[PDB]
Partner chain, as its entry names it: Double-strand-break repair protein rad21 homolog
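First comes one chain, alone, set out as structure tokens in the form solved without the partner chain.
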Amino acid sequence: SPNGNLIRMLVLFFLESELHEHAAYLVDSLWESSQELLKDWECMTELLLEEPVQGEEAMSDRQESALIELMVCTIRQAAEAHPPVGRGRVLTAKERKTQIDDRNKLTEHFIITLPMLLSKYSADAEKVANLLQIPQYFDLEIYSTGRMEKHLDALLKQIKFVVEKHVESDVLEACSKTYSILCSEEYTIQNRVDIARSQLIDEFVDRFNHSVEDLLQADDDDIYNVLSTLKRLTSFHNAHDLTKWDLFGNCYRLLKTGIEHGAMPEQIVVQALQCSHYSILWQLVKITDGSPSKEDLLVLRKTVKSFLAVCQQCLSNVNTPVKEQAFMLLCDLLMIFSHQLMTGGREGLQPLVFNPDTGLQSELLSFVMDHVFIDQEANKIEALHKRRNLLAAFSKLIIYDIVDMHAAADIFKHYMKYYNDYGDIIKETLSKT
């Protein structure tokens, strides 16, 4: 493949030079002139899947990662037929025809080759997370049309292998999204994916339940067995309703054990808090869409009240990731279960309304002082945007007077004191320089 040499050098140009920071911007800039080369997906998957021939240099691991990332960018650009975010709308008749044929080409090719790609690179977390961004651009009807049921089985097989081998959050999130996508088209393949997903969840709920009992009744393995299985269940509980498995019960036991004795690892606490939050959100969805009874509402109220106390108690955990996690869920729940919940003819949801007492408001205000306004490279701007999200989620409680909006203003005036006292002098000084 002479196109193979061009693809190889394009990967080299993207890695060796600093002219293009993002792969999506490089693909977009060359899309007008090199669209046919950038859509030779048969050539890209052959470079990734075939072994080097005699006299040919093997691709390094970084070049294979860049080729995968570039390949996914071309898949998006061909399927969506518009530049990526940041570079952005009527398509001509030919462009719409090109999009339909592109969508058909990439769907048939990657329904076959994505299982092969996932199998070869199953251990590489960054590569698998990128490869799992591909099914969202599939024309999923082809699974039934082209009689490609065996390739759906091969994809479901490789996703389960990926879930079983990985604990990274981006990998587990990409697997969860792929399961959600595969159940969003037609019921014949929806039922086949539901069977594979439910069996995958059943196997990890059993392993999680057995690990929780091993831990509470500790070893390094006991800690890993709980954390690793809880990570996969927490990642799937966002997009998948896992309430038929009573996951809140064991998460509550883990959090209560960590509150009394204070020996629970921080990441088990963070995952247990997040998993419990997801369970509550799904329980609210089911209780909202249906016609619940008085017992249904008060059962969820008992659950939310006990979890609000756990999040408040977790604010005193020695580990700051637990504080931030509990604080984010506090600001989330106090906004969801406020009087906002009674909008749109849903006054029957009043028993689910919660008002934070004085002690909780004071502890929420304390977190802002010690963990949002702190004294003291790529992790600095990430922690800054994290603290901004923490303050933004807390500011919504201020606007609607869920917390003491006056006590929060005095905290704001305190940390803005240098700007109100010397800001005018500093502004006009930096202007004339």
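Numbering follows the first chain given and starts at 1. Only residues modelled in both forms are compared. Definition used throughout: the rigid core is the maximal C-alpha set that superposes within 1.5 Å between two forms.
Unshown form solved in complex with the partner chain; subsequent notes refer to it.
Visitor: Among 55 to 63, 391 to 399, 367 to 375, 25 to 33, which stretch has residues whose heavy atoms lie within 4.5 Å of the partner chain in the deposited complex?
Guide: Within 4.5 Å of the partner lies stretch 391 to 399.
Visitor: Can residue 340 be called a contact residue for the partner chain in the deposited complex at 4.5 Å between heavy atoms?
Guide: Taking the distances in the deposited complex, the answer for residue 340 is yes, it comes within 4.5 Å of the partner chain.
Visitor: Do residue 220 and the partner chain share at least one heavy atom pair within 4.5 Å in the deposited complex?
Guide: Result no; residue 220 lies far from the partner chain in the deposited complex.
Visitor: Can any non-hydrogen atom of residue 344 be found within 4.5 angstroms of the partner chain in the deposited complex?
Guide: Residue 344: yes, in contact with the partner chain in the deposited complex.
Visitor: Please tell me whether any heavy atom belonging to residue 266 falls inside 4.5 Å of a heavy atom of the partner chain, as the geometry stands in the deposited complex.
Guide: So residue 266 does not count as contacting the partner chain.
Visitor: Check, residue by residue, if 239, 274 and 335 all come within 4.5 Å of the partner chain in the deposited complex, counting heavy atoms only.
Guide: Checked in the deposited complex: all three residues contact the partner chain.
Visitor: Can you pick the one in 177, 323, 160, 151 that has a heavy atom within 4.5 Å of the partner chain in the deposited complex?
Guide: In short, 177.
Visitor: Taking 4.5 Å between heavy atoms as the contact cutoff, choose which of 181, 284, 167, 310 touches the partner chain in the deposited complex.
Guide: If I apply the 4.5 Å criterion carefully, the residue I get is 284.
Visitor: Which one moved? Candidates are 126, 296, 186, 203, criterion is a Cα shift of 2 Å or more between the shown form and the other one after superposing on the core.
Guide: So the only displaced C-alpha belongs to 186.
Visitor: Please check if residue 19 moves between the shown form and the other one, taking a CA shift of 2 Å or more relative to the superposed core as movement.
Guide: Passes the 2 Å threshold, so yes.
Visitor: Based on a C-alpha change of 3 angstroms or more, tell me if residue 20 and residue 129 lie closer or farther in the deposited complex than in the shown form.
Guide: Compared with the form shown here, the C-alpha atoms of residue 20 and residue 129 sit closer together in the deposited complex, by 3 Å or more.
Visitor: Indicate closer or farther: the Cα atoms of residue 129 and residue 21, in the deposited complex, relative to the displayed form, with a change of 3 Å or more.
Guide: Compared with the shown chain, residue 129-residue 21 is closer in the deposited complex.
Visitor: Enumerate, in order of sequence, every stretch of at least three consecutive residues present in both forms where each C-alpha is displaced by 2 angstroms or more between the shown form and the other one, superposition done on the rigid core.
Guide: Once the cores are aligned, runs 18 to 21, 185 to 188, 416 to 433 are those whose C-alphas move by at least 2 Å.
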